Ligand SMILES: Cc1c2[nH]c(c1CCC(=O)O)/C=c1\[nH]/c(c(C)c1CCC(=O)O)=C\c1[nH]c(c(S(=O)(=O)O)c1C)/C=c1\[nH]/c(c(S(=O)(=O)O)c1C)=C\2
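Here we start with a single chain on its own, the form solved without the named molecule, put down as structure tokens.
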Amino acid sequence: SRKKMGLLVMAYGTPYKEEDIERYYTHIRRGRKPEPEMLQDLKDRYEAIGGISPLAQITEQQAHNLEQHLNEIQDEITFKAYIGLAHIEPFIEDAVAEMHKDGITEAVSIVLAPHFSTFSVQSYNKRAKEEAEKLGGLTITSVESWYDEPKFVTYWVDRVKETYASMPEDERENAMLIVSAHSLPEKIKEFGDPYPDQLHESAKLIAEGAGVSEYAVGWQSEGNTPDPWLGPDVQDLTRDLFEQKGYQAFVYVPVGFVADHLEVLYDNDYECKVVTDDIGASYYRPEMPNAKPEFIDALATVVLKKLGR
């Protein structure tokens, strides 16, 4: 009766253990192994945020919770989740191969990044579908974006409202909300990539839903290829906006990220906090979705909507 489907949950990835950081970094660097000092600097960043070990566990918990919740809220499909990561084991291809081995013939995929981009989501979905094509007898339908799912917007609206209500009056009336996602090369716009437009729309939805009077859109975690990356960077944006108007509180909503990973714990909670401490402003960064029920329900709704169910 009740049919079985694979649930392919994809993400950029974080190593599960320190010994895999070098191979992760090499993958991200397109085969160029980091020099030893560069490797140690990355290791030191994971140490600085309390250790790498908790990070991969969040993605595990998200996939686990999403399977369980999807299987409780409807009876037509029994999902089995498989995690496929872009840059470290289990790779996207490994997950699809495991689905196929397990007898899955039909799967739905979702990327744990709400905005579509040609560099991330589209590439992950193509990798998944190419592996399925090689194995045969398995097809995948893929979610491309979900930033506009109302339950996801409401997660962030509610967290942002909570944070502003937490503030003393003078911060409330002199605060700036910075909404961000992972930078990519500006060149994606020459392929018509809507990624920046979707980040701006997330910011608009969240700011207006939360009743925030002043907000700005920034990017974080850019790379180092010489051609321009989407900007401004959140560190620069923070200072710039302070230099204009003297905000005494900054609230960071790294809406492009779904978990407490290095880009949030280091690039927001360390690098942006350095800047807010320097200028005398308070720092706030509301809880990331992680594996909390409200967020899992938002993702389950995304998946069921994709299937028309």
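From 1 onward, residues are counted along the sequence shown.
(message) Please compare 212-220 with 161-169 and say which has the higher mean C-alpha temperature factor in the record.
(response) The deposited B-factors put 161-169 ahead on the C-alpha mean.
(message) Using only C-alpha atoms and the B-factors in the entry, which stretch averages higher, 235-243 or 136-144?
(response) Of 136-144 and 235-243, the stretch with the higher C-alpha B-factor average is 235-243.
(request) Return the residue from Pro114, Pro185, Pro150, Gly84 that has the highest Cα B-factor in the entry. (result) Among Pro114, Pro185, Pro150, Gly84, the PDB entry lists the largest C-alpha B-factor for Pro185.
(message) Sorting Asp277, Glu67, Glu271, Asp41 by Cα temperature factor from the record, which one lands on top?
(response) It is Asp41.
(message) Taking only the Cα B-factors deposited for this chain, tell me whether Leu262 sits in the lowest, middle or highest third.
(response) For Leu262, the deposited C-alpha B-factor lands in the middle third.
(message) How does the C-alpha B factor of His200 compare with the rest of the chain: lowest, middle or highest third?
(response) As the PDB entry reports it, the C-alpha B-factor of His200 lands in the lowest third of its chain.
(request) Sort the modelled residues of this chain by their C-alpha B factor and say whether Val179 lands in the lowest, middle or highest third. (result) As the PDB entry reports it, the C-alpha B-factor of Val179 lands in the lowest third of its chain.
(request) Sorting the chain's modelled residues by C-alpha B-factor, tell me whether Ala56 ends up in the lowest, middle or highest third. (result) According to the entry, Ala56 has a C-alpha B-factor in the chain's lowest third.
(message) Considering every modelled residue of the chain and its Cα B-factor in the PDB entry, is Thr225 in the lowest, middle or highest third?
(response) Answer is highest: the recorded C-alpha B-factor places it there.
Note that the form solved in complex with the named molecule isn't included here; everything after this is about it.
(request) Tell me, yes or no, whether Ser213 is in contact with the named molecule in the bound PDB entry, where a contact means a heavy atom of each within 4.5 Å. (result) Although the named molecule is absent here, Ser213 would stay clear of it in the bound PDB entry, with no heavy atoms inside 4.5 Å.
(message) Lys129 versus the named molecule, in the bound PDB entry: is there a non-hydrogen atom within 4.5 Å?
(response) No.
(message) I'd like to know whether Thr225 contacts the named molecule in the bound PDB entry, with contact meaning heavy atoms within 4.5 angstroms.
(response) Looking in the bound PDB entry, residue contacts with the named molecule include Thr225, since a heavy atom lies within 4.5 Å.
(request) Would you check, heavy atoms only and a 4.5 Å threshold, whether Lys245 touches the named molecule in the bound PDB entry? (result) So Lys245 does not count as contacting the named molecule.
(message) To test your reading of this chain, name the stretch in 65-73, 25-33, 236-244, 279-287 whose heavy atoms come within 4.5 Å of the named molecule in the bound PDB entry.
(response) It is 25-33 that comes within 4.5 Å of the partner.
(request) Would you kindly say which of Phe91, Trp229, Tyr164, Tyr147 lies with a heavy atom within 4.5 Å of the named molecule in the bound PDB entry? (result) Selected option: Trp229.
(request) Please pick, from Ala107, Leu184, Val160, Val143, the one residue with any non-hydrogen atom lying within 4.5 angstroms of the named molecule in the bound PDB entry. (result) Going through each option in turn, the one that passes is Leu184.
(message) Taking the named molecule in the bound PDB entry, would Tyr12, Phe119 and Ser221 all count as contacting it (heavy atom within 4.5 Å)?
(response) Every residue of the candidate spot has a heavy atom within 4.5 Å of the named molecule in the bound PDB entry.
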